[PDB]
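>>> coords please:
(chains A, B, C, D and E)
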Amino acid sequence: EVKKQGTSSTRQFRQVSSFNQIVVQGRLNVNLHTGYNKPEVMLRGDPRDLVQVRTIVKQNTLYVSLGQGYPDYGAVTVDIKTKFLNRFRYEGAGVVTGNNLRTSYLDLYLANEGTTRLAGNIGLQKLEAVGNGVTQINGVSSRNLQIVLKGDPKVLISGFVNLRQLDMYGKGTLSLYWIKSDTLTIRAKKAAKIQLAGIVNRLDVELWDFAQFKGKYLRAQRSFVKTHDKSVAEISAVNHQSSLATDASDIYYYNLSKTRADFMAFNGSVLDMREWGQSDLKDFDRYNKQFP
Amino acid sequence: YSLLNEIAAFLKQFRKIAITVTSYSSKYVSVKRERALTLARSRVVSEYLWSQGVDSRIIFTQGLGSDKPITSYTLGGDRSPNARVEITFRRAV
Amino acid sequence: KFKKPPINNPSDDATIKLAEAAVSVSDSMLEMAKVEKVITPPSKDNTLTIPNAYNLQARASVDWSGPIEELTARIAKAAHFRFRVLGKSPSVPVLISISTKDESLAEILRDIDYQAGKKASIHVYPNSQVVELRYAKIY
Amino acid sequence: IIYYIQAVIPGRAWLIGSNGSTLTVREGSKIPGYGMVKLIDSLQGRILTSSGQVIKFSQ
Amino acid sequence: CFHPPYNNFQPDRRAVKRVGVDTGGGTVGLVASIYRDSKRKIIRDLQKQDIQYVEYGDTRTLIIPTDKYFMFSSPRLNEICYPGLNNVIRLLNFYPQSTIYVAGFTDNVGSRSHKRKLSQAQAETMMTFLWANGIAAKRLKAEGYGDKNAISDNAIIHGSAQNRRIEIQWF
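Numbering: from 1, shown residues only, chains lettered A, B, ... in the order given. Below, you will see the structure:
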């Protein structure tokens, strides 16, 4: 148990064996690179604490965390170069930057303010953010993805995602840029912000309280929407729309579907919310004229 | 619907050509929501009035939102006096 | 107890005979309209001549069985537009019959323009807020 | 060939063609058969091209 | 009490009102409640309205007339005939594991696309009304046929009236 006083940040080069999973703990910064050379790791830190910075390998893994306890360390920079990555775990108020990563499947686990950037083409099936962290991912091409959140993440994902289910009980904000799915089931419990856009064959939305679903620019052929007290949903149904508002909730549509069916229970309301000045606006038919 | 039946029974006593139904509300979230709400309210009211047997030729429906208030006291919601529906016509001959 | 669901009010044989005539009239019109559409495919729509704008989205339900000019003037006055007439009105009046329920004024004007046919035309200028009725250059 | 818009966002758009090939279009980019894109509308489904025609939604 | 427009999509407390009003007997009120909550009483009530019930083997079928349970030439649901719809929900509450098929049928008057669209719209409206009362979306499917497979003759008035219907089948 030693501190870092009296020592400044110095450059160190070290050699590491083969690893396929990285677990990093501590208030530090990680830079990732990808090449066809040997793997290596560079540990920029204080020479009193270069021994305390632990680079250990146990069964095709890499554990970069605190060694001999944590009396004090302020700044650690970990640059990494390898070939294959399959799991990434990050904890303890840090920064992660990586780009141009090619993979088949790997799992992110961010916890406790991991300010993270990925600027590659990562096909990931699972991802987890614990709480109070931002995440900006540019480029995801996966055939399956399941996201569940429990804390306060601020996460945005770009690419192509075949999402299947979504549950939120925390204070999360999530935005995906392009999706191409077949059946989505969205459940929002306490205070959620969801922003999707793409093509969905069948959509089911459940909002309980203080939840906002902005499913505008997400064109759904079949939509089932249920809103309970003080929740807002903005949908873009195309072929068949079925909506229910229970009590002091608001449902808005933005497209005139071929079949519309809306229900109101106590104080909820479903509104048209179109432009009225668009030059190609469409009127109701014999088959769409429902009077609220 | 009993009040709407009373209004329809009053309206059957005259001869007329055109009726106008206009809706006004108060400020809740924005202007688009209140204009859509007033248009939907006027549509439903005129739908029930046309379902009942008033002998008119044209019924016009509009919802103006909160553009034209009749009272400067704007503290209430739907309990405000300037949240209303208006039915105007002219007796013919 | 044995019952079958549709049990309505008793019917009249005059109404039965009128319905039997009307079904044959209806599918004769269906066959003739199908043949006419196959022979002559239309290529233009009156959306270009009659576009929509703000305060043309107020709605109306109308049952009118008279001339075109008074109804068009009432629609223009409800839409807060100026009304213009071009051409000479014919001695034999142009008669229309509209029976709709809860559709927009632009759709009302488009149905009136389609029912007018070769005798009169409807144009809408939204930048000057003018509804124009023009008569055909015939007689 | 002819293109129809599939999904739209402020900033870029997703297009599908007659042959079933996807495309991602920016504000400033070049696409075949239409020319240069000068405007992308988000409130209405309109993509204006340099040739003088608008890519809209399917019917 | 009871709200006539669908009771705000809440499960009605029908028994406690009867056993609270029949006290000034508790056993008499319990006997009346267990009589009026039975399946046969619901079937005979649906017989008092114009809804037909057919049971054959392990498949059950309800026949509902669109001429009384829908407004004219519209996919709008007639709100005056709400006891029949509430009894339909009460009867369907007894089978919480089966799957539901709803189908729409019209007569021969009109165009083919018009008949198909009207049947599809009525089937979607009835499926949405079933879904909004508690039934999950994965147990429902709606289909609208035209004058494809009728049950009576379309060249006669009463037989043509019998052909416009909504069919609800479950296992």
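>>> The residue nearest the centre of chain C: what secondary structure?
In chain C, the residue lying closest to the centroid (CA atoms, centre = their mean) is residue C:111, at 3.5 Å. Following DSSP: H, G, I helix; E, B strand; the rest coil, residue C:111 is assigned to helix.
>>> again, but for residue B:10
Taking three-state DSSP as the rule, one finds residue B:10 in the helix state.
>>> now the one 5 residues further on
Using three-state DSSP, the secondary structure recorded for residue B:15 is coil.
>>> For residue E:142, see how far away it is.
47 Å (CB to CB, to the nearest Å). Where C-beta positions appear, they are placed from N, C-alpha and C, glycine not excepted.
>>> One more: residue A:37?
As for residue A:37, its distance to residue E:142 is 61 Å (criterion: CB to CB).
>>> ok so, going back, residues touching the residue nearest to the centre of chain C, list them.
The contact partners of residue C:111, taken as CB atoms under 8 Å, 6 or more residues apart in numbering or on different chains, are C:98, C:100.
>>> can you rerun that using 10 Å?
Counting by CB atoms under 10 Å, 6 or more residues apart in numbering or on different chains, residue C:111 touches C:46, C:62, C:96, C:98, C:100, C:103, C:122.
>>> So the last one is in contact with residue C:71, correct?
This means residue C:122. No - the pair residue C:122 / residue C:71 is not scored as a contact, 11.2 Å apart, by CB atoms under 10 Å.
>>> Quick check: neighbours shared by those two?
Taking CB under 10 Å, 6+ apart as the criterion, residue C:122 and residue C:71 both touch residue C:112.
>>> thinking again about what came up before, tell me the one of the contacts of residue C:111 nearest chain D?
residue C:46 (17.9 Å; CB to the nearest CB).
>>> What count of nearby residues applies to the closest one?
Neighbour count of residue C:46, defined by other CB atoms under 10 Å in any protein chain shown: 16.
>>> Verify the contact between it and residue C:110 for me.
Yes - between residue C:46 and residue C:110 a contact is recorded at 5.7 Å, counting by CB under 10 Å.
>>> Which strand or helix spans residue E:129?
In this assignment (DSSP states H and E), residue E:129 forms part of helix E:112-131.
>>> How far off centre is that helix?
Put simply, helix E:112-131 sits 14 Å off its chain's centre (CA atoms, centre = their mean, to the nearest Å).
>>> Check which residues of it are buried.
E:115-131 (16 or more other CB atoms under 10 Å in any protein chain shown).
>>> do the same with stretch B:46-60
So stretch B:46-60, judged by 16+ other CB under 10 Å, has buried residues B:46, B:47, B:49, B:50, B:54, B:56, B:57, B:58, B:59, B:60.
>>> likewise stretch A:277-290?
Buried residues in stretch A:277-290, counting neighbours by 16+ other CB under 10 Å, are found at A:281, A:283, A:284, A:287, A:288, A:289, A:290.
>>> Next one: the second one relative to chain D, how far apart?
What that stands for is residue A:283. For residue A:283, the distance to chain D equals 15 Å [CB to the nearest CB, to the nearest Å].
>>> which residues of chain E fall in helices?
Along chain E, the segments classed as helices by DSSP state H run E:14-21, E:26-36, E:39-48, E:66-69, E:82-92, E:112-131, E:157-161.
>>> Point out the other elements, helices or strands, that the second one touches.
Secondary-structure packing of helix E:26-36 (3 or more CB pairs under 10 Å, 6 or more residues apart in numbering or on different chains; DSSP states H and E): helix E:14-21, helix E:39-48.
>>> now those helices as JSON lines including distance to residue D:55?
Converted to JSON lines, those look like this (distance: least, CB to CB, whole Å):
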{"stretch": "helix E:14-21", "distance to residue D:55": "58"}
{"stretch": "helix E:39-48", "distance to residue D:55": "54"}
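>>> sorry, back to before: tell me the most buried of the helices of chain E?
Of all those, helix E:112-131 has the most neighbours on average by mean count of other CB atoms under 10 Å in any protein chain shown, namely a mean of 22.
>>> Any part of stretch E:54-64 near chain A?
No - Stretch E:54-64 does not reach chain A (CB under 10 Å from any CB of the partner chain); its nearest approach is 16.6 Å.
>>> how close does the residue of chain D found nearest chain E sit to residue C:65?
As assessed by CB to the nearest CB, chain E sits closest to residue D:59 within chain D, at 15.6 Å. To residue C:65, residue D:59 is 35 Å away according to CB to CB.
>>> before we move on, back to that, out of the buried residues of stretch B:46-60, give me the two with the largest separation.
The most widely separated members of the buried residues of stretch B:46-60 are B:47 and B:57, with 16.8 Å between them, by CB to CB.
>>> okay, residue D:59 and residue C:65: which has more neighbours?
Under the criterion of other CB under 10 Å, the comparison of residue D:59 against residue C:65 puts residue C:65 first, with 11 against 4.
>>> show me the contacts for the nearest residue to that one once chain neighbours are set aside.
Once flanking residues are discounted, residue C:65 sits nearest to residue C:97: 5.0 Å by CB to CB, 6 or more residues apart in numbering or on different chains. Applying CB under 10 Å, 6+ apart to residue C:97 gives the contacts C:63, C:64, C:65, C:66, C:115.
>>> still on that earlier bit, let's have the helices and strands packed on helix E:26-36 in CSV, adding distance to chain B.
Output for the helices and strands packed on helix E:26-36, formatted as CSV (distance: least, CB to the nearest CB, whole Å):
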stretch, distance to chain B
helix E:14-21, 24
helix E:39-48, 25
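>>> Between the ones you listed, which one is closest to residue C:53.
When the helices and strands packed on helix E:26-36 are compared by CB to CB, helix E:39-48 sits nearest residue C:53, at 51.7 Å.
>>> just the angle between the closest one and helix E:82-92, please?
Interaxial angle, helix E:39-48 versus helix E:82-92 (axes from the mean of the first three to the mean of the last three CA atoms, to 10 degrees): 150 degrees.
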